[PDB]
Structure formats: C-alpha cells, structure tokens
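Taking the form deposited in one PDB entry, here's one chain by itself in structure tokens.
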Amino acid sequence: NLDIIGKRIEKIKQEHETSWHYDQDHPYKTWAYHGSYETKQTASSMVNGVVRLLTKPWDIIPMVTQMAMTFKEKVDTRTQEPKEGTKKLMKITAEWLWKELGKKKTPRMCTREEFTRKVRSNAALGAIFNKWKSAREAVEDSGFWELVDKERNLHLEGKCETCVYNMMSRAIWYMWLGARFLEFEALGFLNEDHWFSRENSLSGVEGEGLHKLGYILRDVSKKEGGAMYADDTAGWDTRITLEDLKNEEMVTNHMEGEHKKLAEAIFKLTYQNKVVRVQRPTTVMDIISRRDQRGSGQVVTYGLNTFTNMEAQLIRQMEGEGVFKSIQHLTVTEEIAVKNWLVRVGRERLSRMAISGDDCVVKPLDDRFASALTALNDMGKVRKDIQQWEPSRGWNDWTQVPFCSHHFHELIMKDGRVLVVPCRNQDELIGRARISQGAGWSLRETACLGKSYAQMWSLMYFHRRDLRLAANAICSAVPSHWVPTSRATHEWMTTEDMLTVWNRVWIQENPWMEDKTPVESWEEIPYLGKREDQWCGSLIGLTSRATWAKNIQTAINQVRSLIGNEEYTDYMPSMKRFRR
C-alpha cells in the first residue's frame, strides 16, 4: 500500500494544496480512494468529406451513418483470488512459456534513440500534453531527459514519483511521455524484437498482417481434432488478477544487470500498484489506486495479454485432456504430469492456437475442451454472452470462425491459384473510412486519409465489388502524387502502384502461393460470388448502387473541383465495365 504509492500521492496533493479534500460522496467500491482537487475540461468523431462524397448510397444506411454520431461500471469491479491448484497451474505454465519464448530471443533495453525515432514518425504511445506542446518537442529538449533520469534513478532505488495513469468496453490509461519512455526502455523488447511472432511464439500472430491471418486459421484447421473455439472474454483487461501480473513479471528472471532492476520496477511500481486520475463531473479530479487489472501502455498491454491468453488457453486444453482432476489442489504427481505434458506436447498445443491479445481461436485435440470450464472461470477469464457453466459452441468450418474482427473466404482465381482473403460486414468498413479523429485537418490531409483507406481496400478487400469501385474512385479523386497519411503490417501506406503492391503481397512474398507468375491487370483479380458479396453487405443489385456506379465520374469530378487544379489519374478503366 501507501509506502509504494504515497510519494506519487504526496506530490499531487502539493500541486493543488488550495483544492485538496477527502470527499465523503466518492463512488469507488473496488478502487482505494485518496482525495480530490479542482479541474475543468473534457474529442468527438469527425466525418471525412472526401470518403463520404464518394460513397453516396451509404448516406441513407443507418448502420453506416450512426457510426459517426455520439463500461466504467466494469472497471469498478473485483476478481476473486484463484484456488491453489489454479495458481499452481498458472505458475508452472508461465515459467515454461517465458523459457520457450526466450529460447531464440535475448531480452534487452530499448534506447532513447529508438524512442526518439518512434515519436518522430507518429506512433500512438498514449502520452499527455505541462511544459512542452507535443511529444516531438519534449524529446528534442535535454531538460525532459533530466526529468527521465531523476525518475530512472528513483526506480533503481525501488521508488516512484511521477508514473501516474490518467483515465479516459474500452479504457485508455495515458501517462506522461517520461513514464512511457521508462516502460518502453524496460519492456519494449517484447514488441520491438517480435517475441509474439508466429515463428517465435507458435500461437502468436504479432506482425503477421491481415493478408496472412486467413492462411494461419486454415493451417490450424488442417490439424486433427475437434471444433474451432473462439470464445471472447467479458472485459479481458478488468479480469487480469494480481496472480496474472506476478506470472507476467517472471520475464525479469531472463534479464540481468540494470535491465532486470528497471523492469522489476515497472512491474512492482506501475503495474502491481497503480495511481490514476479520473474526471468526475459531480468537475473534480479523483486520485484512486488499485493493485490489479491491466493498465500499461497499449503495446506492452498487447504482448502481456497475448502471453496470459496463451497460458490460459493451454491450461483449458490441459483440463479437456484430463491432465489434472480438480483446480482445488494439484497433487505432487499432477505437477509432474502438467510439467511432462508441456515438455512432451506444449509446442504442438501452442500451434493449435491463433492468439492476438485477448482474442483467440483454439482447435483442441477433441470437443471435451467445450465443457472444460473450471480453470477458465476460476482464473477469472469468464466468457462473454454465454452462461458460466454452459459448454462453448465451436465452429465446424474455418471460413465461419471470427478472429481480429474478420472472417476469411477461400477465393479461386481464374488461373486456379487460391487466395484466402479477410472480410467483414461492408457497412463496418465504409462507416470507419468515413470517420477522422482530432481537429485542424486541412482538405489535403483529409484527402490523404481517404487515400490510405482506399489503398487498404484495394489490397485487403479487392474481392468486395463496392470497395474495389469506391477505392478506384477515391484514388482517381485525390492527386496521384499525394502521400497517404494516418494520425500490423501496413503495405497500403505507399505511393507505389497498387497492382505492384498487390503482386508483392498476394503472390511474390506469400508463402502459401507456390506459382509466382505475376498478375498483369486488376481484371485477373477475382471477386467473391455475387450472392456471398451481398451476404457480407454489398449493395450490388440496388438502384441507388447502380446509379452511383454508372455516374461515378461525376462524383470523382465533384471532389476534384473542391481540391482544385492538381495532377489526377483516372483509375476507373482498371475495371472491365469502365474499360469503354
């Protein structure tokens, strides 16, 4: 308690000594509360006019138009301590998993140099605005790094002064850039050196790309076993237990020297003890603390979520295979049996999974997995939208399985080669491309964001009639040389010809494609079946859509007139119906 968080708490008091008060009407049950002080402040979703003017049929589809309009009673909940047998299963599995992940990787500190290059090319590091304006400016000022040094030497001393969370089924905990640096220095290696790549972790898909996920799920489907399970957890970050945080911290057992001490301090001082500021309109700032739940930077959050999910799913596989009888207590000989299972089949059982943070797909040895719920419930990883003791419903076809907000189609090219393509309901794709975040967008910057969406569509959703047409329209409407912008692998963020990029991604660099014959035109690249395209949300067959497609050059010219006298290319004749 207060010997680890007091100093952060003490320091905040003094900066608002005029305003401090232990409010007696505080809403917190599960968070420890310390005091309150005076503030007054809050960023809505803005519409991208370039994308909207070129998707007119969708202006009357509420599933699209409602996306641009507009649980903190899940953060204020508690998770019970797991049973002794569950705690033993988790410790053995976590110890074994950090060893496996460490066999071909070397933990190492990330550098000021590396951190500086990140900020100077826009990565969402979840910092706050004070002394300097932006992240770019703080990193170029030696005073900042002296603040970093003071904290850093404080962490080597096993103490913390300035690493404080700011709160804002989502919850993003911003810290000041300095605290983010110290997190990146100690634990950035997990992401920077690809610890959760599929090659290194067997279950992971870190860095794989949306064009590979479908092929990965089809490879899982080829294994002998039961149904494919894809159970979502209800509020994963809120169900991370102190026992989870202690098993995650065992990565420090693989470290040495300074790095070991710096990482032990991030885990002890910022993860296993936390200090948070929350805006309450009743507008004061509340300073609350708790030991458990996830509240790290989003990139460290991804890797540790992947780790703990891999651990949880291996234990649920052990339960279905009858490796242990009860979570109440592991006998001495069940411990040897669990250890022996991991050594003997651990790597095979990891390859039966695709895991991206809290999101998983598991093809277990058989369907006993479906009703193996005691370890999963007791670890606090309670399934969403199913009763606690009701057996999981599995998927019989890898093309029906949800993963990373998509499903995957098998699409055969006119030349017989096989594409496995990502897909989701087309209203979600068009509704997201119509939204921008943040203020002060010029018309040029808005156009370049529309171009990023259009290029992603050409690369990942070319098989959807309406998106290949809308992508061609947007690329025809935005000046040819203007560079796509945004505020896993993003191959569409380029000014290279999209047919050349398509060839590189789907043919040349695609390890599931044996014949490397380049495609010469977009007309060789297939669509879904017309009925499948409608099932997944196409407007093909509607009067509104036919008028849009027929008159698309008039829409392209409306946008060109707004942007002005610039160099444009006509990409519409890449499509058969516009090719005269």
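Definition used throughout: the rigid core is the maximal C-alpha set that superposes within 1.5 Å between two forms. Residue indices: 1-based, along the sequence shown.
The same protein also has a form deposited in another entry, omitted here; what follows describes it.
Core-based superposition between the shown form and the other one shows that, of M493, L242, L154, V345, only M493 has its Cα displaced by 2 Å or more. Superposed on the core, the two forms differ at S296: its CA moves 2 Å or more between the shown form and the other one. For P27, the Cα coordinates differ by under 2 angstroms between the shown form and the other one after the core has been superposed. Superposed on the core, the two forms barely differ at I336: its CA moves less than 2 Å between the shown form and the other one. Shown here is a form in which the CA atoms of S296 and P402 lie at least 3 Å farther apart than they do in the other entry.
CA of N305 to CA of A124: farther apart by 3 Å or more in the other entry than in the shown form.
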